[PDB]
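Form deposited without this ligand, single chain, as structure tokens, below.
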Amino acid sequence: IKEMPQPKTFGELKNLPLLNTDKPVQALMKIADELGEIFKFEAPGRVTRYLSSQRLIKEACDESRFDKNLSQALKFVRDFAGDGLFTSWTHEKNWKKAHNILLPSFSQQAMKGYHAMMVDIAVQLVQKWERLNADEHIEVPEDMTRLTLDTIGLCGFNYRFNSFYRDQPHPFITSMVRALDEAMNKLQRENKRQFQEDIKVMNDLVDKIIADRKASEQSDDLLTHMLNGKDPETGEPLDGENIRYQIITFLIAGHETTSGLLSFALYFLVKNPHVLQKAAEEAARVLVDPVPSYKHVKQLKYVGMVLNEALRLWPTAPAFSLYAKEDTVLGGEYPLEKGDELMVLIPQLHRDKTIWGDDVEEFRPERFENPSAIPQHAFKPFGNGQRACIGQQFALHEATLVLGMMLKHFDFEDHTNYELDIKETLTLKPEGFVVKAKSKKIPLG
């Protein structure tokens, strides 16, 4: 049995003044660097324990002992995402209900169904970059957000945000980003009703999506299942309020982290030109049709390894929370009472040298040549167990398709020798990452 580490507290404020940054996850990583595999963190009214080692997170991922918790961050996100799948408790009726109803929308059958629409948006990205003049450059996370938002809008809701027809972010994005940034800042605390205004912009958009569906054509997408699908357990469909919450939930969770992933993957590729070369070689060899087929995207194995290694270094959803189901001893050293909260600090987990070796900071896609020769619970960018990411296959198929087309159609240049600056909005993304792309002059479909 051991006493759990905790950084300095300042009376009433507890550990809160130790963040005081626009980069709380990276700050918590520094704290983990100093204090080790586990430390307690208190804020006024709340307490949690940050885990950073595979040996402990392995235990935390045991669902007989720990269940998904709503961290304070997620409690703030619940103000607009409600009891949608991301921000609901496992024991809430609508969690299992919505999970059962929406899981078929992520069957491989459904993926094959989404592919043509993903290609629609991907082609828009490629054409945008084909049409740049020589003195121009690419704003990478901005365009990746254009792509991923449009993709979830079309595939999921037959709604076109038309982000590439705008040189500024879509209104939905501006409000979403401000709302997420506000939840994040609020963790460290007029902002108030600016928040309500951003929520209202997002909900107005949901209104537009529902109205566009009802005013139409036979459909079979995510929204079709939200509106009509029945839970096999209870026989019930989702009610209107939960449907609205699921739409918000999927529009946000369904694009933000994928944008981050494509941005980090391109970053690491232009910073490791031999790895870039291997990936481009694969894209050119596999993607032989004028636009990619589903079956060919499944063959992009090195590109998929590149994406996994980007997720290892900077998991764009960088933490998840658990609570203790019953009194127990964690790791045989740390006693926990029922209700006690844990935070998995994923980037730090992914730098556990006892698992990955001493060169954890290098970008080596080949770490994933044999993806489950990797020890249990060493790699958790998509969370855990029955509460793991429902959209993982969607995300990786989209990102593999898109990164594949990018590598097929252009040579990329890190023309500014960009210094990595990671912006935090609960999620992570490179900020200010820009490149130049030289077309290989290969025609589309």
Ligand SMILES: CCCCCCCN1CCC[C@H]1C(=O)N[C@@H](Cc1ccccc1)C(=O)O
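Sequential numbering from 1, following the sequence displayed.
The following text describes the form deposited with this ligand bound, which does not appear among the structures shown.
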- Query: in the deposited complex, does each residue in the set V126, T145 and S163 place a non-hydrogen atom within 4.5 angstroms of this ligand?
  - Reply: no
- Task: Work out which of the listed stretches, 53-61, 39-47, 413-421, 400-408, brings a heavy atom within 4.5 angstroms of this ligand in the deposited complex.
- Result: 39-47
- Item | The unique member of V291, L330, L74, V286 whose heavy atoms fall within 4.5 Å of this ligand in the deposited complex | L74
- Query: Within 4.5 Å of this ligand in the deposited complex, heavy atoms considered, which of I199, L276, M343, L313?
  - Reply: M343
- Contact test in the deposited complex: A317 vs this ligand, heavy atoms, 4.5 Å: yes
- Message: Considering non-hydrogen atoms and a 4.5 Å limit, does this ligand approach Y302 in the deposited complex?
- Response: no
- Query: Can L187 be called a contact residue for this ligand in the deposited complex at 4.5 Å between heavy atoms?
  - Reply: yes
- Just to confirm, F86 within 4.5 Å of this ligand in the deposited complex by heavy atoms? yes
